[PDB]
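> Here is the sequence, then the experimental structure:
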Amino acid sequence: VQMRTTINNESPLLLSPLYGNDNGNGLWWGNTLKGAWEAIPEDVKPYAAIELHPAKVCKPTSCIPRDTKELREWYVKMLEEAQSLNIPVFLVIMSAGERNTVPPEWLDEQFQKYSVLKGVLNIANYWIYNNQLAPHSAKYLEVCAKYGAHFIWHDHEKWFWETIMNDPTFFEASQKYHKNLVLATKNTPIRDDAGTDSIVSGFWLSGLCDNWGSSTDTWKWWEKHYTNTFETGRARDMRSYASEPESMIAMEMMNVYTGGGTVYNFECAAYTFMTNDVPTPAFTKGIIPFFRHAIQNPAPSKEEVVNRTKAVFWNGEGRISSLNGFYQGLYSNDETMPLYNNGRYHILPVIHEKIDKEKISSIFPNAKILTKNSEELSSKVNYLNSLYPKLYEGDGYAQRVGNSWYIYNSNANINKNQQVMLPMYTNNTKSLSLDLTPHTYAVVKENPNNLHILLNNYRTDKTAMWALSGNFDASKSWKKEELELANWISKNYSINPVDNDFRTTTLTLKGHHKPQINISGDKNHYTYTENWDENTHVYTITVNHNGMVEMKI
Ligand SMILES: CC(=O)N[C@@H]1[C@@H](O[C@@H]2O[C@@H](C)[C@@H](O)[C@@H](O)[C@@H]2O)[C@H](O[C@@H]2O[C@H](CO)[C@H](O)[C@H](O)[C@H]2O[C@@H]2O[C@@H](C)[C@@H](O)[C@@H](O)[C@@H]2O)[C@@H](CO)O[C@H]1O
């Protein structure tokens, strides 16, 4: 049987979601299925699909997909529409602990009838676990395998993912149907961000799923009580989901990309995608440009991630969920938030207890296997620092990935610059330094005879949205105040983005022949000054921008 979707490092997947309305044309936020697909640029379409979440169609509770006549109707309606239009779709069929979801038999028939049906999703259960979720997912996975489809599970937290793969049924099914399984994060609940990345990517490395990825959720900004960028002392509301910086969304994608991840999904869609069929700047200027990077430059393969791995942590003698300060002093000071401070260790993989130590030895023959009882954990940093050499100076985030540097400012909501000094691996230049404002990422690729630099610091000013009168409390989600916000978005944010405030990225090449540069970027959204020191051979470019800037040097 041929797969319905090709998903790997050379062929990643972007999911863009649609939400059921129990009313009207059947979809929330003024969106249409046709409008959704039209929003996907043509070069992205071969690597994209639409998620169909029943949402308000679910009864008694919105977004909890209990099997009803009305739910099945809605799935069928949307499938019908998707087919006539040839739009690849995935259905959210599991969510929030629901034990009584659509029968496996029914899904099986939908697969027979619709070649646009590429697979299904289980999303968000960490707060409402029961022992039927893993077995039910296993059964659904088995149906997906029968039809060359994918089962995609977005969930979070260390104890939860440990618990899921400890299930006999799900563990046996993952071992058989890994080709059809995508395990994926969902950092909504502002806990365990590092641990989750380790365990989930760890599953992919252990052969339990052929692909991993993420749901990058801007609701986390609301969970933190954050409001306007850098603002404190204001009450949160739904505008908080519309306030995580655009480029930061891309930085969260970068965490996945550089860890070998391959599937990208997002909430809240009113911010991250589209309202009234008008794509947002977060989508077009945040998510799209980074997904395009992932298309043009395949993510680290499984063998690449394995071969760079100097140590793994194995849950076989005590679990990472019982080590609450493990990532401190390594690469995350704050597991409530997604950004990593250090790229020195990549994502350290965590291997689930169900994987024998001997199997770990054969996946990572040159890796050190750490456990909770490891003597070396009395000097955790010093020990890991003797296996993973220091690669750069400064306080910013940088990771070496093959012949590339992946860089960002790691301050989520604090207006402070970070600097990195990057030794280089070719004689194009001796070192490269960056000064970076918050919400700026960079990719430096060393070719044999040139360097390619991508910069993106796109962040709209959210002040105008925050200045609006009205009630936008989260208790009004799925209600008309949410639509008011969604309408405002399509007339203000999405069409007149307040993105004319530039910020400075400073790029210095030391020991670089006077560089002739080729430069481009987002139209009307950058200026630059060059400076060359004849005697010291230092070349400095000062880029003022709000958006993407690309150079070849
Ligand atoms: C009972 C409870 O309070 N649960 C919340 C989750 O949110 C609520 O429960 C859901 C079943 C929905 O009815 C939702 O409308 C409701 O708020 C919550 O999940 C998400 O959290 C964000 C806030 O951080 C939003 O509320 C968002 O709409 C929720 O996500 C939806 O529901 C999920 C179950 C999935 O289906 C998503 O894909 C949906 O978009 C979590 C977050 O930690 O917290 C629970 O306590």
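Happy to help now that I have it. Numbering: from 1, shown residues only.
> is stretch 153-161 up against the ligand anywhere?
No. Counting by Cβ under 6 Å from any ligand atom, the ligand is not contacted by stretch 153-161; separation bottoms out at 7.6 Å. Any C-beta I mention is one placed from the backbone N, CA and C, and that applies to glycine too.
> Give me the residues contacting that stretch.
Applying Cβ atoms under 8 Å, 6 or more residues apart in numbering, the set of residues contacting stretch 153-161 from outside is 121-126, 129, 137, 164, 181-189, 191-192, 195-196, 199-200, 203, 214-215, 265, 319-321, 352.
> and residue 189, how many neighbours?
Close neighbours of residue 189, defined as other Cβ atoms under 10 Å, add up to 20.
> Please report phi then psi for it.
phi -80, psi 10 (degrees, to the nearest 10).
> cool, and the one 3 residues further on?
Backbone geometry at residue 192, expressed as degrees, to the nearest 10, gives phi 60, psi 30.
> tally of neighbours for residue 373?
Based on other Cβ under 10 Å, the number of other residues close to residue 373 is 9.
> Figure out the helix or strand that residue 380 lives in.
For residue 380, the host element (DSSP states H and E) is helix 380-385.
> Secondary structure class of residue 471, three-state.
Under DSSP: H, G, I helix; E, B strand; the rest coil, residue 471 falls in the coil class.
> my guess is it contacts residue 482, does it?
No. Using Cβ atoms under 8 Å, residue 471 is not in contact with residue 482; the gap is 10.6 Å.
> neighbour-wise, which of the two wins?
It is residue 482, of residue 471 and residue 482, that has more neighbours when counted by other Cβ under 10 Å, with 21 against 11.
> Identify each buried residue in stretch 293-313, please.
Neighbour-count burial for stretch 293-313, counted by 16 or more other Cβ atoms under 10 Å, picks out 293-295, 297, 299-300, 302, 305-306, 309-313.
> Can you pull the residues of the stretch 251-400 of the chain lying near the ligand?
So the stretch 251-400 of the chain meets the ligand at residue 267 (Cβ under 6 Å from any ligand atom).
> Point me to the residue of the stretch 251-400 of the chain nearest the ligand.
In the stretch 251-400 of the chain, no residue comes nearer to the ligand than residue 267, which is 5.5 Å away by Cβ to the nearest ligand atom.
> Next up, the contacts around that residue.
17, 188, 215, 216, 217, 218, 219, 241.
> Save the buried residues of stretch 293-313 as JSON lines, and put in secondary structure too.
Below are the buried residues of stretch 293-313 laid out as JSON lines (three-state DSSP):
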{"residue": "293", "secondary structure": "helix"}
{"residue": "294", "secondary structure": "helix"}
{"residue": "295", "secondary structure": "helix"}
{"residue": "297", "secondary structure": "coil"}
{"residue": "299", "secondary structure": "coil"}
{"residue": "300", "secondary structure": "coil"}
{"residue": "302", "secondary structure": "helix"}
{"residue": "305", "secondary structure": "helix"}
{"residue": "306", "secondary structure": "helix"}
{"residue": "309", "secondary structure": "coil"}
{"residue": "310", "secondary structure": "coil"}
{"residue": "311", "secondary structure": "strand"}
{"residue": "312", "secondary structure": "strand"}
{"residue": "313", "secondary structure": "strand"}
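> Please list all residues in contact with the residue in the stretch 201-350 of the chain that the ligand sits nearest to.
Nearest residue of the stretch 201-350 of the chain to the ligand: residue 219, at 3.7 Å (Cβ to the nearest ligand atom). Going by Cβ under 8 Å, 6+ apart, residue 219 touches 188, 240, 241, 267, 268.
> Now do the closest residue to residue 546 other than its chain neighbours against residue 548, distance only.
In space, and not counting its chain neighbours, residue 546 is closest to residue 499: 4.8 Å by Cβ to Cβ, 6 or more residues apart in numbering. Noted for residue 499: a distance of 12 Å to residue 548, by Cβ to Cβ, to the nearest Å.
> Of these two, which one has the most company?
The residue with more neighbours, out of residue 499 and residue 548, is residue 548; 22 against 19, by other Cβ under 10 Å.
> so who does the more buried one touch?
Going by Cβ under 8 Å, 6+ apart, the list of residues near residue 548 reads 285, 289, 454, 455, 456, 458, 521, 522.
> Among those residues, which ones are in helices?
residue 289 (DSSP state H).
> ranking the contacts of residue 548 by neighbours, who comes first?
Tallying neighbours with other Cβ under 10 Å puts residue 456 at the head of the contacts of residue 548, with 29 neighbours.
> ok, and the closest non-adjacent residue to that one?
Leaving aside its sequence neighbours, residue 456 sits nearest to residue 548 (Cβ to Cβ, 6+ apart; 4.5 Å).
> hang on, residue 511 packs against residue 429?
Yes. Between residue 511 and residue 429 there is a contact under Cβ under 8 Å: 5.8 Å.
> who has more neighbours, those two?
A side-by-side neighbour count of residue 511 and residue 429, using other Cβ under 10 Å, places residue 429 first with 21 against 14.
> Distance check, the more buried one against residue 534.
From residue 429 to residue 534 the distance is 16 Å (Cβ to Cβ).
> again with residue 109
Separation of residue 109 from residue 534 (Cβ to Cβ) stands at 74 Å.
> before we move on, what about residue 171?
64 Å.
> What of residue 32?
Taking Cβ to Cβ, one finds residue 32 at 60 Å from residue 534.
> out of these two, which sits in the busier spot?
Using other Cβ under 10 Å as the criterion, residue 32 and residue 534 rank with residue 32 on top: 16 against 7.
> Identify the residues contacting the more buried one.
So residue 32 contacts 25, 277 (Cβ under 8 Å, 6+ apart).
> how about a cut-off of 6 Å?
residue 277 (Cβ atoms under 6 Å, 6 or more residues apart in numbering).
> Residue 336: what's it in contact with?
Each residue near residue 336 by Cβ under 6 Å, 6+ apart is listed here: residue 190.
> Get me the contact residues on the protein for the ligand.
61-64, 95-96, 123-124, 127, 188-189, 219, 222-223, 267, 477.
> List buried members of the residues you listed by neighbour count.
The neighbour-count criterion (16+ other Cβ under 10 Å) marks 62-64, 95-96, 123-124, 188-189, 219, 222-223, 267, 477 among the residues of the chain next to the ligand as buried.
> Filter these down to the ones in helices?
Those of these lying in helices (DSSP H): 222, 223.
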